[PDB]
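Protein chains in written order, with the entry's author numbering: chain s, 41 to 88; chain 2, 48 to 92; chain 0, 79 to 186; chain O, 9 to 160. So the structure is just underneath, and the comments pick up after that.
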RNA sequence: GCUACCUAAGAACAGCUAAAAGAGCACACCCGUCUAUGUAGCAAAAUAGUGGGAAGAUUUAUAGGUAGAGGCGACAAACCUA
RNA sequence: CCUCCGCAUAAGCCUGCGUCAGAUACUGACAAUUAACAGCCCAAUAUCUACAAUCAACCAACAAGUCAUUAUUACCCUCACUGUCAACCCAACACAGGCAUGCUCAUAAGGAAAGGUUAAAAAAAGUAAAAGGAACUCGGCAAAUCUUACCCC
RNA sequence: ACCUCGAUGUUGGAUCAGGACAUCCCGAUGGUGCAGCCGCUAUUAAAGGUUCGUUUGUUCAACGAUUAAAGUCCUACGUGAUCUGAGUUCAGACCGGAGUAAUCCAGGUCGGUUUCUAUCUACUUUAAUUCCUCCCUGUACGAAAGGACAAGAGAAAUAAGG
Ligand SMILES: [Mg+2]
Ligand SMILES: [Mg+2]
Ligand SMILES: [Mg+2]
Ligand SMILES: [Mg+2]
Ligand SMILES: [Mg+2]
Ligand SMILES: [Mg+2]
Ligand SMILES: [Mg+2]
Ligand SMILES: [Mg+2]
Ligand SMILES: [Mg+2]
Ligand SMILES: [Mg+2]
Ligand SMILES: [Mg+2]
Ligand SMILES: [Mg+2]
Ligand SMILES: [Mg+2]
Ligand SMILES: [Mg+2]
Ligand SMILES: [Mg+2]
Ligand SMILES: [Mg+2]
Ligand SMILES: [Mg+2]
Ligand SMILES: [Mg+2]
Ligand SMILES: [Mg+2]
Ligand SMILES: [Mg+2]
Ligand SMILES: [Mg+2]
Ligand SMILES: [Mg+2]
Ligand SMILES: [Mg+2]
Ligand SMILES: [Mg+2]
Ligand SMILES: [Zn+2]
């Protein structure tokens, strides 16, 4: 009956856990991408 | 707005004040001679 | 605006040695009965507070080691137990933080 | 003119003030003892007391849960707020926080204070204690009290 | 190596409306209308907003050329290392 | 909480926050950037080379356009040299300015507007405002709205 | 042409106003070609007040509506280290005119950078006026027209302080 908020790192803070959560957000966008074209585009757009 | 009139580029540097250009004309030869007489450590650019 | 004349050293001494400028003697200093170092009456003793802070740092480092990661704050009370000490009935059901030293006399 | 203004002007604005207080209060909930500039501790003490009251309100209370969710930036502390602190102070009605001035900050000589939740597991602070009842003045006043009691 | 003009060979110009436009709205980009601040300033000409152009007579990186009785100039006696 | 950015190439600079020791993002010592990327090319003599590009297909042009070889003669027998670092350059400065290109089009990358306190004036930036709505002022400057019509050049 | 050209910044406007009285209004009084209402004039009075707008850069003036009144002046034509720059008064350019031209105009017109962190002096908390309404009163006065004072009552506006 008590809905505690999920215990996850902040998505905007400047910390290792927040960076990992942002990476997870990115990977979630990749997962949600339907077409393999979109998947590859999202996976390869950032050039480093 | 002003002050940054020096946009460095080694090609322009050497083609404008280089040893070869200075020796190209008699005036530049005399420039080098003046530097040598004064004792400059850097005759050309 | 710019100064019309140089201010003389006499005038400058007057200004900068006026008692309003001078540092005020503080009469609220007193000796700490615990350690004997000086402390301002209203302020906590620096020496004693540093003792407490260093012990707190040790305890908190043990707490962090036991937690093992971020966002792992316990949902139960905590008790610090020193060498030669065992949990009491009240301490039962409380996270035990074990410190490898004799209990400080001031700590109770 | 600031007659009756009760909130300090802190940070970069009202929102920044709220966020600074929120960070200090999250640190207080996590560590049970925080040393910070005196004015900020004074401003955050009331919010600490208010969180203790909201925790007393209980887990099921949606308003209390929303307040805790907003104020505790680290969500692992909301269970702490509702299951460790509020039960600890169920008996009490107020004064959950102890605030005491600390020697000025070495860096910028700032007025610093230490604020803690009472009854925490951490070592006790060197609290200022009143003079012993056995002092000369206190014994004389005890004589006064006894004389008055005998008279009545 | 700034700037005026030019030479060689390059590059940039989202989106929308229209349709092969020195066309319209509008990014990047170029400029600098008006205001405020600044005036030993962040700056020996800037900042914030506002604004003009933004497929062209456009903007721009690179190298080269024209030198003072001169050069270059869509003439402002402009610009030619503050 | 911010993200103008950021990461690379070019250009520029030239060791300019790597380790150690001393001082008090400095001094001295030690180390480092490894070619496939890029630069550094081409044996002669003649001789060829009308038909753009624009998804090049229709159309449509005008300003009429970056991209081609052959013939003979010589010739293989042998993967060097150089750049590779950085928080960086031009502005006397850790300068709110200047700074080409490719991707990212808001980021996975990069950052911190608050030294502490108080909350006086004056000043700067912003927000809100009773009724009125240009009466302000040189002028509707600024701000707020999105708004007609007529003149000079 | 006496100080100032090794700078005394300039006309209007904003802000704040200090002062004079030769008084525009309010007070007291004499005269009047003062019947009353408006007035005119003079003595005394500078405590207080002395409007907002349309063009125009305008100080002014004209005009509109008011007011008890919308005073004359001095203060570096007060006050730009408080502000604005519309005019004027640089560098650009057009029209008319002058000149061969450069360029110029007692001409017009469009645009055109307002610095200063205060050392010293000085300074930074010192019983209110006026209008109007009713009544007096349609009375006194006067041929009529028109039309009062004083006393009384009530209302406001500004200014000061909260
Ligand atoms: Mg250049
Ligand atoms: Mg502050
Ligand atoms: Mg386009
Ligand atoms: Mg166009
Ligand atoms: Mg001309
Ligand atoms: Mg001229
Ligand atoms: Mg900061
Ligand atoms: Mg500060
Ligand atoms: Mg309003
Ligand atoms: Mg007007
Ligand atoms: Mg209108
Ligand atoms: Mg006016
Ligand atoms: Mg405007
Ligand atoms: Mg003279
Ligand atoms: Mg004479
Ligand atoms: Mg002088
Ligand atoms: Mg008089
Ligand atoms: Mg005069
Ligand atoms: Mg002017
Ligand atoms: Mg003419
Ligand atoms: Mg003019
Ligand atoms: Mg203009
Ligand atoms: Mg000024
Ligand atoms: Mg001042
Ligand atoms: Zn002590």
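We put the beta carbon where it would ideally sit given N, CA and C, even for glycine.
**Item:** Within-8 angstroms CB hit, residue 9 (chain O) to chain 0
**Value:** No, residue 9 (chain O) lies away from the interface with chain 0 (no Cβ there is under 8 angstroms from its Cβ).
**Prompt:** Whose Cβ in chain s lies nearer than 9 angstroms to the Cβ of residue 86 (chain O)?
**Reply:** Those are 44, 45, 47, listed as they occur along chain s.
**Prompt:** What do you reckon, are the CB atoms on residue 42 (chain O) and residue 123 (chain O) nearer than 8 angstroms?
**Reply:** Against a cut-off of 8 angstroms, the Cβ pair of residue 123 (chain O) and residue 42 (chain O) comes out as a contact.
**Request:** Report the residue from 45 (chain O), 21 (chain O), 11 (chain O), 13 (chain O) whose alpha carbon sits nearest the alpha carbon of residue 117 (chain O).
**Result:** When each option's Cα is compared against that of residue 117 (chain O), the closest is 45 (chain O).
**Request:** Grab the span of the alpha helix (DSSP H) containing residue 60 (chain 2) for me, first residue to last.
**Result:** Element bounds for residue 60 (chain 2): 57-64.
**Asked** To the nearest whole angstrom, what separates the beta carbons of residue 134 (chain O) and residue 122 (chain 0), a pair I think is in contact under 8 angstroms?
**Response** Contact between residue 134 (chain O) and residue 122 (chain 0) holds: their C-beta atoms lie close to 6 angstroms from each other, under 8 angstroms.
**Item:** Residue from 46 (chain s), 83 (chain s), 55 (chain s) whose Cα sits closest to the Cα of residue 71 (chain s)
**Value:** Taking only the C-alpha atoms, the option nearest residue 71 (chain s) is 83 (chain s).
**Request:** Kindly list the residues whose CB is nearer than 7 angstroms to the CB of residue 146 (chain 0), restricted to its own chain and excluding five residues on each side of it in sequence; keep chain order.
**Result:** Within the same chain, no Cβ atom closer than 7 angstroms to the Cβ of residue 146 (chain 0) is found once the five residues on either side in sequence are excluded.
**Prompt:** So which residues of chain 0 does residue 57 (chain s) contact, with C-beta pairs closer than 7 angstroms?
**Reply:** Simply 148.
**Asked** Start and end of the beta strand (DSSP E) containing residue 45 (chain O)?
**Response** Segment 41-45, the beta strand (DSSP E) holding residue 45 (chain O).
**Asked** In chain 0, which residues lie with their C-beta within 8 angstroms of the C-beta of residue 191 (chain O)?
**Response** The requested residue 191 (chain O) is not part of the displayed model; chain O covers only 9 to 160.
**Asked** Does the Cβ of residue 161 (chain O) have 16 or more other Cβ atoms within 10 Å, making it buried, or fewer, making it exposed?
**Response** Since the first residue of chain O shown is 9 and the last is 160, residue 161 (chain O) is not available in this structure.
**Message:** I want to verify the contact list: residues of chain 0 whose CB lies under 7 angstroms from the CB of residue 106 (chain O), in sequence order.
**Reply:** Near residue 106 (chain O) there are no residues of chain 0 at all, since even the closest Cβ is about 11 angstroms away, more than 7 angstroms.
**Message:** Please state the DSSP three-state secondary structure of residue 155 (chain 0).
**Reply:** DSSP, read as helix, strand or coil, puts residue 155 (chain 0) in coil.
**Asked** Within this structure, are the beta carbons of residue 93 (chain O) and residue 76 (chain O) separated by less than 8 angstroms?
**Response** No, they are not a contact pair.
**Asked** Taking the beta strand (DSSP E) that residue 176 (chain 0) falls in, what are its first and last residues?
**Response** Here the beta strand (DSSP E) through residue 176 (chain 0) covers 173-177.
**Request:** Report yes or no: do three or more beta-carbon pairs, one from the region 125-134 of chain 0 and one from the region 102-116 of chain 0, lie closer than 8 angstroms?
**Result:** These segments touch.
**Asked** Going by alpha carbons, who is nearest to residue 85 (chain O) out of 103 (chain 0), 96 (chain 0), 150 (chain 0), 85 (chain 0)?
**Response** Comparing C-alpha distances from residue 85 (chain O) to each of 103 (chain 0), 96 (chain 0), 150 (chain 0), 85 (chain 0) shows the shortest one belongs to 150 (chain 0).
**Request:** Would you kindly check if the distance between the Cβ of residue 61 (chain s) and the Cβ of residue 76 (chain s) is under 8 angstroms?
**Result:** For residue 76 (chain s) and residue 61 (chain s), no; Cβs fall outside 8 angstroms.
**Prompt:** Hey, is the region 141-156 of chain O in contact with the region 13-25 of chain O, meaning 3+ C-beta pairs nearer than 8 angstroms?
**Reply:** For the pair of segments examined, the region 141-156 of chain O was found not to touch the region 13-25 of chain O: the number of CB pairs separated by less than 8 angstroms stays below three.
**Message:** Which residue marks the beginning of the beta strand (DSSP E) containing residue 127 (chain 0), and which one marks its end?
**Reply:** Element bounds for residue 127 (chain 0): not the beta strand (DSSP E) but the alpha helix (DSSP H), 124-145.
**Message:** Within 8 angstroms of any Cβ in chain 0, is that where the Cβ of residue 110 (chain O) sits?
**Reply:** Yes, its Cβ sits closer than 8 angstroms to a Cβ of chain 0.
**Request:** Whole angstroms is fine: what's the gap from residue 157 (chain 0)'s alpha carbon to residue 62 (chain O)'s?
**Result:** Roughly 25 angstroms between the two C-alpha positions.
**For residue 90 (chain 0) and residue 100 (chain 0), the rounded distance between their alpha carbons** = In a straight line, the C-alpha of residue 100 (chain 0) is about 14 angstroms away from that of residue 90 (chain 0).
**Request:** Taking only beta-carbon positions, decide if residue 83 (chain O) is within less than 8 angstroms of chain s.
**Result:** Yes, residue 83 (chain O) counts as interfacial toward chain s.
**Prompt:** Residues in its own chain within less than 8 angstroms of residue 175 (chain 0) by CB, not counting five upstream and five downstream?
**Reply:** Taking residue 175 (chain 0) as the centre and dropping the five residues before and after it, the same chain places the C-beta of 137, 140, 141, 144, 156, 157, 158, 159 closer than 8 angstroms to its C-beta, in chain order.
**Request:** Locate the beta strand (DSSP E) running through residue 124 (chain O), then write down its first and last residues.
**Result:** Residues 120-125.
**Item:** Per-residue burial, residue 40 (chain O) [other beta carbons within 10 Å of its own, 16 or more giving buried]
**Value:** Flag for residue 40 (chain O) reads buried.
**Asked** For a contact meaning CB atoms closer than 9 angstroms, what does residue 38 (chain O) contact in chain 0?
**Response** Contacts between residue 38 (chain O) and chain 0, judged by CB atoms closer than 9 angstroms, involve 151 in chain order.
**Request:** Can you tell me which of the three DSSP states residue 67 (chain s) falls into?
**Result:** In this structure, residue 67 (chain s) counts as helix in the three-state DSSP scheme.
**Request:** Kindly examine ligand 1 and report whether one of its heavy atoms sits closer than 7 angstroms to the Cβ of residue 98 (chain 0).
**Result:** The answer is no for residue 98 (chain 0).
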